[PDB]
Every structure is written in structure tokens, then in C-alpha cells.
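Written out below as C-alpha cells is the structure these notes cover.
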Amino acid sequence: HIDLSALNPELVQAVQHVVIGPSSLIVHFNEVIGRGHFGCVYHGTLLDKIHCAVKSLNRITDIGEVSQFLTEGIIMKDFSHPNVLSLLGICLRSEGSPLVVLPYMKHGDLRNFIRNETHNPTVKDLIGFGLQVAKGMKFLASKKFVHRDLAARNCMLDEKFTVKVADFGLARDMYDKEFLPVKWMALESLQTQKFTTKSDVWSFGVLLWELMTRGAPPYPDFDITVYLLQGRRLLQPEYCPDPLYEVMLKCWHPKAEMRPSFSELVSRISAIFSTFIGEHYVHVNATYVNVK
Ligand SMILES: Cn1cc(-c2ccc3ncc(Cc4ccc5ncccc5c4)n3n2)cn1
Ligand SMILES: [Cl-]
């Protein structure tokens, strides 16, 4: 129960491009499509008929938090890019938690998509997914935004097989109940708890490994820092081309400043991608099946 009459009119006029009126939105509360600690995600219907994903944000319980929440909406909507999950808007209710309106992702998270045995990806498709992720991250890094939780489970896939870097802003949550994401963290971040775009480049190398293994868990077989400092990295996936594994190794350079930028990753990966024609099918590794 948020006292909405208290909201500042001048601020209301400023948040207008992010505000979705309650009469324009239908939330199917009986249809759970996502679950996180900060709220459930439901099938939604937005008018002027558009399919959407609606998150009920449990953190916002008072009018004093609404102004800041609406500003997080402005910042998040300005992160508009073909390869980044784009906020459609926010729905402020007089009864119940505020609603975060996101585009519906037909194929869900990228990790479950690649893991699904009814899908037949080629080396080109998987590299294409990595390239799209690199493109969304190039945009985010250009805005000085540090993801800190880049992984295949945190990227989404739409009806056109377009990858959207997600899990940020108002949509930030732990959507994988099995889970901090140490196996995706750079050596310096595990040690100093500090994150940068260079540490997102390390996570991206791990995401490339997830793509090539079709969603295998990284490091299957517990202190990751000590494991890495023995002089170890993830093995080359069976279907991973040599130049892409060389790119992975560059992403995991011990010196953060020596890691490629996301601009260099888009460039290098676009070249590798271009050499493929979609004739090499990527299969699941027998030693990775059911490992969780
Ligand atoms: C295993 N797993 C991962 C997620 C995930 C990851 C990142 C992210 N950023 C915003 C959202 C919420 C969302 C957005 C669109 C959806 N479309 C269709 C279906 C669910 C949707 C959920 N997520 N969800 C959910 N389950
Ligand atoms: Cl191919």
C-alpha cells in the first residue's frame, strides 16, 4: 500500500516515458515464468497486444523509496541496445509492490537454451551467441556499467534468437536457485572483492566456455583461488575452435590491464564467426551430462 497521491507532479512528468498506466497492463499472476529473491516474474500483456515479463519488486514498500525506484527506471531504460534487455517501463500500483515491465524472452535464459537436447546448435550459432553477448557488453562498458554477474544463466534469448545481456538494474536478482558466483570471477575480484569491466571480461571468457560446452558447469570437480593459482584454467571444449580458445585465455590474463576490451572481443569474435558456415554440430559431453 504505497500512497501514490504523495508523488511529486514535476517528477511524474519527468518519469512519464518510463511510466506504464495500470489500465494498459494485464499481469497473469497464475503464470510464473521466473523466480528470484526480490520477486517472481509473470506472463504479462501490454497494450499499445504486446507480450511481456512482469516482475513484482518486493523491495519497494514505501513512497519514500518510489522516487529513487523511478530514477533507477530512467537509468535502466537509457541502457537500450539490440543485445541488452530493454525495460518497457514501470507500473505503479495503489495496492501491491511496484511492477517492472520487461520484454518477454520466448527462449528464456541462454544457459537452459544451449543445455536443451532438443536444440541442434552449430559451432557458428554458439559463436554467434558469444558475439552478441560481446556486443551488449561493449555497449554496457561504454556506459561505464560493470555487470559483476555475467554468465550464460544471466543472458536471455528472444523469438529471433537475439541474445540480450540481462540481470541488471531493476531486473537484478539471483534467478538460479542452485546458487558469490566465484567460478565466473576474476582472480583479483576473488582476492579484493573489487569489480571492473576487466573482471567482466574474465566472466565473459567463462561464458564463452559455457557456450562451447552447451551449458556444462565450469570447473566440474573447492577453493577456486588456490585452484587457479596452481597455474590452471578451464580446458578447451571439444567443439571449441583453437582461435576462440586463444580468445578465452586472453580473457583470463592474470593482469587485468592485459585483458582485451569488449571492443577488441567484438572484433576478434566477429572474424572467427565469419569463417563458419553452420556445418559443424556441437554435441553434449558425456562427462558433463547431469553434472550439477
Ligand atoms: C534460469 N533463469 C534465469 C532467468 C533470468 C536471468 C536474467 C534476467 N534478467 C531479467 C530477468 C527476468 C525475465 C525477463 C524476461 C523473461 N522472459 C521469459 C521468461 C522469463 C523471463 C524472465 N531475468 N531472468 C530466469 N530464469
Ligand atoms: Cl559451423
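Ordering of the C-alpha cells sets the chain letters (A, B, ...), residue numbers begin anew at 1 in every chain, and ligands are numbered from 1 in the order given.
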
List every residue of segment 66-260 of chain A that DSSP, applied to the backbone of this structure, places in alpha helix (DSSP H), and write the result as a PyMOL selection string.
chain A and resi 66-77+110-115+123-142+187-192+197-212+224-229+242-251

Excluding same-chain residues fewer than 2 positions from segment 224-240 of chain A, what lies within 9 Å of it counting only C-alpha atoms, as number ranges by chain?
A: 123, 182-183, 187, 190-191, 206, 209, 212-213, 218-219, 222, 242-245, 249, 252, 280-283, 285

Surroundings of ligand 2 up to 8 Å, based on only C-alpha atoms and all ligand atoms, as an mmCIF file with N, CA and C atoms, in the first residue's frame:
data_model
loop_
_atom_site.group_PDB
_atom_site.id
_atom_site.type_symbol
_atom_site.label_atom_id
_atom_site.label_comp_id
_atom_site.auth_asym_id
_atom_site.auth_seq_id
_atom_site.Cartn_x
_atom_site.Cartn_y
_atom_site.Cartn_z
ATOM 1 N N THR A 122 25.001 -25.283 -34.011
ATOM 2 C CA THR A 122 26.243 -25.493 -34.733
ATOM 3 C C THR A 122 27.325 -24.647 -34.032
ATOM 4 N N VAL A 123 28.591 -24.831 -34.413
ATOM 5 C CA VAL A 123 29.708 -24.008 -33.901
ATOM 6 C C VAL A 123 29.398 -22.516 -34.225
ATOM 7 N N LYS A 124 28.957 -22.226 -35.454
ATOM 8 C CA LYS A 124 28.600 -20.863 -35.871
ATOM 9 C C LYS A 124 27.522 -20.210 -34.960
ATOM 10 N N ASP A 125 26.422 -20.944 -34.645
ATOM 11 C CA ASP A 125 25.348 -20.442 -33.765
ATOM 12 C C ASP A 125 25.873 -20.064 -32.393
ATOM 13 N N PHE A 276 32.882 -19.586 -40.295
ATOM 14 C CA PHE A 276 31.978 -20.731 -40.208
ATOM 15 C C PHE A 276 30.761 -20.586 -41.096
ATOM 16 N N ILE A 277 30.206 -21.729 -41.530
ATOM 17 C CA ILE A 277 29.048 -21.802 -42.437
ATOM 18 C C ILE A 277 27.845 -22.580 -41.871
ATOM 19 N N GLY A 278 27.939 -23.004 -40.625
ATOM 20 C CA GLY A 278 26.872 -23.745 -39.963
ATOM 21 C C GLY A 278 26.802 -25.198 -40.372
ATOM 22 N N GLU A 279 27.971 -25.838 -40.561
ATOM 23 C CA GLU A 279 28.053 -27.250 -40.927
ATOM 24 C C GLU A 279 28.593 -28.142 -39.798
ATOM 25 N N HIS A 280 29.089 -27.538 -38.682
ATOM 26 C CA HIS A 280 29.643 -28.264 -37.535
ATOM 27 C C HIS A 280 28.683 -28.296 -36.334
ATOM 28 N N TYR A 281 28.051 -29.460 -36.091
ATOM 29 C CA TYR A 281 27.118 -29.624 -34.986
ATOM 30 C C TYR A 281 27.876 -29.824 -33.681
#

Report as a PyMOL selection string all protein, DNA and RNA residues lying within 10 Å of residue 270 of chain A, evaluated on only C-alpha atoms, omitting residues in the same chain fewer than 5 positions from it.
chain A and resi 127-128+130-132+134-135+264-265+275

From the set A:84, A:12, A:289, A:126, which residue has the shortest atom-to-atom contact distance to ligand 1, counting only C-alpha atoms and all ligand atoms?
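That would be A:84, the residue with the smallest distance to ligand 1.
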
Among listed residues A:154, A:118, A:203, A:45, nearest ligand 1 (using only C-alpha atoms and all ligand atoms):
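Counting only C-alpha atoms and all ligand atoms, the residue closest to ligand 1 is A:154.
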
Would you pick out the contacts of residue 79 of chain A at 12 Å or less, using only C-alpha atoms, so that residues sharing its chain but fewer than 3 positions from it are not included, and give the list as an mmCIF file with C-alpha atoms, in the first residue's frame?
data_model
loop_
_atom_site.group_PDB
_atom_site.id
_atom_site.type_symbol
_atom_site.label_atom_id
_atom_site.label_comp_id
_atom_site.auth_asym_id
_atom_site.auth_seq_id
_atom_site.Cartn_x
_atom_site.Cartn_y
_atom_site.Cartn_z
ATOM 1 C CA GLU A 72 16.557 3.517 -11.470
ATOM 2 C CA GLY A 73 13.884 3.129 -14.213
ATOM 3 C CA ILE A 74 15.202 6.173 -16.179
ATOM 4 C CA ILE A 75 18.848 4.903 -15.906
ATOM 5 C CA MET A 76 17.770 1.348 -16.923
ATOM 6 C CA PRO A 82 19.848 -4.684 -29.501
ATOM 7 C CA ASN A 83 21.894 -7.017 -27.215
ATOM 8 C CA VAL A 84 20.835 -5.698 -23.786
ATOM 9 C CA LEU A 85 17.475 -6.456 -22.077
ATOM 10 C CA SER A 86 15.439 -3.214 -22.556
ATOM 11 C CA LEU A 87 12.958 -2.030 -19.863
ATOM 12 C CA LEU A 88 9.496 -1.302 -21.409
ATOM 13 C CA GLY A 136 25.845 -5.999 -25.463
ATOM 14 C CA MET A 137 28.874 -5.845 -23.105
ATOM 15 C CA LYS A 138 30.711 -3.376 -25.468
ATOM 16 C CA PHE A 139 27.661 -1.050 -25.068
ATOM 17 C CA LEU A 140 27.499 -1.503 -21.263
ATOM 18 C CA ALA A 141 31.281 -0.905 -20.841
ATOM 19 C CA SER A 142 30.934 2.284 -22.991
ATOM 20 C CA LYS A 143 28.342 3.495 -20.368
ATOM 21 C CA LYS A 144 30.901 2.612 -17.595
ATOM 22 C CA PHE A 145 28.497 -0.046 -16.317
ATOM 23 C CA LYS A 164 20.081 -9.921 -24.511
ATOM 24 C CA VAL A 165 22.560 -9.314 -21.667
ATOM 25 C CA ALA A 166 20.198 -9.214 -18.685
ATOM 26 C CA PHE A 168 20.895 -5.710 -14.153
ATOM 27 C CA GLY A 169 19.133 -2.583 -12.852
ATOM 28 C CA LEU A 170 15.571 -3.230 -11.602
#

Ligand 1: which residues are within 10 Å, counting only C-alpha atoms and all ligand atoms? Reply as a PyMOL selection string.
chain A and resi 32-36+39-44+51-55+84-87+100-113+149-158+164-178

Skipping near chain neighbours, those fewer than 2 positions away, what residues fall within 7 Å of residue 148 of chain A using only C-alpha atoms, listed as number ranges by chain?
A: 146, 150, 195, 200

File dump, residues just selected, N, CA and C atoms, as a short mmCIF file (atom, residue, chain, number, x, y, z; two decimals), in the first residue's frame:
data_model
loop_
_atom_site.label_atom_id
_atom_site.label_comp_id
_atom_site.auth_asym_id
_atom_site.auth_seq_id
_atom_site.Cartn_x
_atom_site.Cartn_y
_atom_site.Cartn_z
N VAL A 146 29.44 -1.79 -14.89
CA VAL A 146 30.11 -3.04 -14.53
C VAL A 146 29.01 -4.05 -14.16
N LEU A 150 28.06 -11.57 -14.99
CA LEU A 150 27.94 -12.03 -16.37
C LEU A 150 28.14 -13.55 -16.42
N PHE A 195 35.28 -5.11 -8.48
CA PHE A 195 34.87 -5.49 -9.83
C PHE A 195 35.07 -4.35 -10.82
N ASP A 200 34.68 -8.23 -15.80
CA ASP A 200 33.56 -8.68 -16.64
C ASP A 200 34.10 -9.41 -17.86
#

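Here atom CA of residue 66 of chain A and atom CA of residue 89 of chain A stand 14.1 Å from one another.
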
In terms of the shortest atom-to-atom distance over only C-alpha atoms, which of A:29, A:80, A:133, A:292 is closest to residue 162 of chain A?
A:133

Å distance separating atom CA of residue 57 of chain A from atom CA of residue 78 of chain A, one decimal place:
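Distance between the two atoms: 19.9 Å.
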
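Between atom CA of residue 26 of chain A and atom CA of residue 46 of chain A lies a distance of 6.4 Å.
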
Could you please write out, as a ChimeraX atom specification, every residue of segment 98-243 of chain A that DSSP assigns to strand (DSSP E or B)?
/A:99-103,109,122,155-157,163-165

May I have the residues within 8 Å of residue 19 of chain A as a ChimeraX atom specification, using only C-alpha atoms and disregarding those fewer than 3 positions away in the same chain?
/A:15-16,89-92
